[PDB]
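Below is one structure, written out as structure tokens, with a few remarks after it.
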Amino acid sequence: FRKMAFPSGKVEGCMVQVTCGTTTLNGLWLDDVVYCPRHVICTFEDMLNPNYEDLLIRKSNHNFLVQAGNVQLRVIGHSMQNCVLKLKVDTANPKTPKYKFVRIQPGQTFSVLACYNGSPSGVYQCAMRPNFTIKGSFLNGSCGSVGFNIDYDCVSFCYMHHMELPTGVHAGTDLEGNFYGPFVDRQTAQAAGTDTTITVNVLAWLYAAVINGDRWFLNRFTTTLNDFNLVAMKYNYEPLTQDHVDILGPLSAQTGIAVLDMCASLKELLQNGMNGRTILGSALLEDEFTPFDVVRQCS
Amino acid sequence: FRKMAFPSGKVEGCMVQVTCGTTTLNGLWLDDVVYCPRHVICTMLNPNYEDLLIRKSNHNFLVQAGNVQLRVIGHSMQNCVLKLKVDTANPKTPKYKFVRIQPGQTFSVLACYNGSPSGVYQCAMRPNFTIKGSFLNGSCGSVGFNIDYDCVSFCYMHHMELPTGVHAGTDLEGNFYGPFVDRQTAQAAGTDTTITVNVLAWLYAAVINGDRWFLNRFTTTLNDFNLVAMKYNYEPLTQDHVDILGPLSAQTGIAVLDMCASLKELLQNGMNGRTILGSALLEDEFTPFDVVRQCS
Ligand SMILES: COc1cccc2[nH]c(C(=O)N[C@@H](CC(C)C)C(=O)N[C@@H](C[C@@H]3CCNC3=O)C(=O)COP(=O)(O)O)cc12
Ligand SMILES: COc1cccc2[nH]c(C(=O)N[C@@H](CC(C)C)C(=O)N[C@@H](C[C@@H]3CCNC3=O)C(=O)COP(=O)(O)O)cc12
């Protein structure tokens, strides 16, 4: 059981380079529109307080250079949707997959395709933290990289990358250009709210560990939903809902460990620590696997 | 630092399925050859692969890209891989090479089932020539690779899950990594060791990021370090390992043998609760290339 990303080939065919003035970043080319962060239209004098509609009215179509590989695509239009710039081009992307734009919930996971100068560099799995950051791996020039999920040939795009907080975590928007979290596309040091641990995911991951032959953390005891939630809130864990209990159903069905039985195991791990033992190789409780992630991989 | 795979699209375009009788596995379609594990021809406790392949003709092999059949016009065996010549050159063939990697080297795995990609993740080849994968029935023939300047270097084809749950396989010339054989038998790997060259890379990563309390005023010979490292279940360093630490050594200004003396102190003295890049455990699945990848 490993942190597994989706195959990224359908996304790689959509990545292009967008340049305006001195600024270069990555864009997503679907059919005849290129999506990229709007701060590509920006110079130094506005980065503390850019009036984006005012900056965009002053740009022409020819101010935008879009490159797909060596080929240049001609911009025939432009518009802005929140923090995302939409550049209409005169060529459809023939590699456009079946796709949707989705806004994910905190605790859900997605694959990031890290790109630089329109060229894909790496792929890895991330979770939308409860404080709406993601713990990613992004360097200078990674803006416009996208995160996505795949099911039955449909790519659901959920994240476009915009910024790295002083603490090294990352922030961005959905593909309608709305930030996850309280962040803003201005050149300032921004702080996130206090993060918490994704409780339903830690439980899913404990179930994955039992599916893969590890049981040392289980115990004889059980707890009520509310008593577990009291202890979990004490340790800055998100609350566990009956919907989460339902969603864990299949995994408890497979292993024959009732959800509130596994909650008792987690409560002991939280109150006692792991004592140097490891679960699935980790010395830390892992919260970036969803129930679906576990099921889809283990079977 | 993340475990980060290479983008998989150039390899996705080369995955097909190969069926013999009712056994289906993954194959790799490059130009007009499809490579796959030879045990696709098996019905297994100790196959006579030479004798089994004599009873097989071109028309016993069903090669499909999706649901499109590619006609087999030739077949041969090279070690534990089957090579099927097909009548169509793969138009998505990337620039490619077959390479045999060394313990410690990392690569991306594209886990496939029935010729269809399922996921991608990074693996490290352990000193006992196993990898810590995520593979189910139907995954044999999935490949591992590195991508460098759009050239895909294929280094791994998947064959086997050991009783302990780790995995074993061949290079693309069909030679197993490790002492394993492609039989339906419980095989045990040798006792594993810590990948020293990669721990050193990780210490360099820490230094690059300002975390350098562990550096000291001593140095060591390679031989002295290796004899001590073996006593702590660490792999000995080779000349090639010292060479691939060069770029990180130059960037930090810390000599490789100086960094070996620093690690030697960590092994004999432990961590003392202090952390290195956030943890009390030393990480051994990032190569020097992985480190400069994620730092620059
Ligand atoms: C005083 O200000 C600060 C103080 C303290 C921390 C700070 N952090 C940021 C920030 O992150 N700012 C965004 C731009 C604003 C307009 C949203 C940015 O820099 N995004 C990067 C990706 C980033 C770059 C490194 N790792 C990434 O993930 C692009 O890729 C586009 O930038 P470039 O095209 O390369 O100029 C500003 C800032
Ligand atoms: C009694 O013997 C044993 C005892 C204890 C442990 C054992 N382990 C194996 C083994 O590994 N056997 C190979 C076949 C031989 C000929 C090499 C195999 O099963 N490979 C899988 C991938 C595997 C499947 C699950 N996870 C994987 O990694 C394929 O994919 C091809 O087989 P399939 O037709 O697709 O099922 C035999 C064995």
Side-chain angles (χ1 to χ4, degrees), chain A residues 1-15 69 95 97 111-116 119-126 134-142 145 149-151 168 170 208-209 211-214 276 278 280-283 288-289 293-294 297-299, chain B residues 1-15 66 92 94 108-113 116-124 131-139 142 146-147 150 161 163-167 209 275 277-280 282-285 290 292-296:
Chain A
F1 198 80
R2 304 275 322 273
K3 203 72 87 55
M4 182 178 314
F6 286 104
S8 62
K10 310 185 142 163
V11 181
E12 297 166 49
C14 299
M15 298 314 302
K95 304 183 177 169
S111 293
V112 173
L113 182 69
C115 291
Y116 299 91
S119 270
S121 189
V123 66
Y124 54 87
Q125 194 76 344
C126 276
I134 71 160
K135 302 143 136 205
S137 178
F138 296 113
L139 302 185
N140 289 15
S142 63
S145 296
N149 282 271
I150 308 187
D151 59 84
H170 299 102
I211 282 164
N212 289 112
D214 204 1
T278 76
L280 287 174
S282 168
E288 301 214 351
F289 292 98
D293 290 356
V294 172
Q297 167 166 173
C298 279
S299 319
Chain B
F1 284 94
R2 295 274 314 213
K3 281 203 202 328
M4 192 170 327
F6 291 98
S8 59
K10 294 177 162 67
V11 178
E12 282 165 70
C14 304
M15 301 305 309
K92 297 168 173 334
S108 298
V109 169
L110 175 62
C112 291
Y113 298 87
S116 211
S118 149
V120 60
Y121 53 91
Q122 280 273 118
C123 279
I131 63 173
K132 303 198 275 214
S134 177
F135 289 122
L136 319 170
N137 289 111
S139 64
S142 296
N146 285 272
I147 313 195
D150 271 339
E161 195 178 275
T164 58
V166 303
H167 303 98
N209 290 286
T275 58
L277 284 164
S279 172
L282 294 168
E283 169 76 56
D284 83 337
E285 297 205 327
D290 288 321
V292 306
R293 220 179 127 198
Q294 269 166 73
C295 287
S296 88

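Computed from heavy atoms alone, side chains included, the values below leave out hydrogens, waters and symmetry copies. Letters A, B, ... are given to chains in the order of the sequence lines, protein chains preceding strands, and every chain is numbered from 1.
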Q. For B:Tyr121, what residues pass the ring pair (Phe, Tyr, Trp, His ring centres under 6.0 Å) criterion, not counting sequence neighbours?
A. none
Q: Can you tell which part of B:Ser296 gets under 4.5 Å to a heavy atom of chain A, answering side chain, backbone, both or neither?
A: backbone
Q.
Please verify the inter-ring angle class for A:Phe289 with A:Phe1; under 30° counts as parallel, over 60° as perpendicular, anything in between as tilted.
A. tilted
Q) What residue in A:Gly122, A:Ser8, A:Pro7, A:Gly9 has the most heavy-atom pairs under 4.5 Å with chain B? A) A:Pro7
Q | Between CD on residue A:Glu288 and CD1 on residue A:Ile134, distance to nearest 0.5 Å | A | 8.5 Å
Q.
If the condition is ring pair (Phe, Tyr, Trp, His ring centres under 6.0 Å), which residues does B:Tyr113 pass it with, not counting sequence neighbours?
A. none
**Q.** Most contacts with chain B, counted as non-hydrogen pairs under 4.5 angstrom, among A:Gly136, A:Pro120, A:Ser121
**A.** A:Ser121
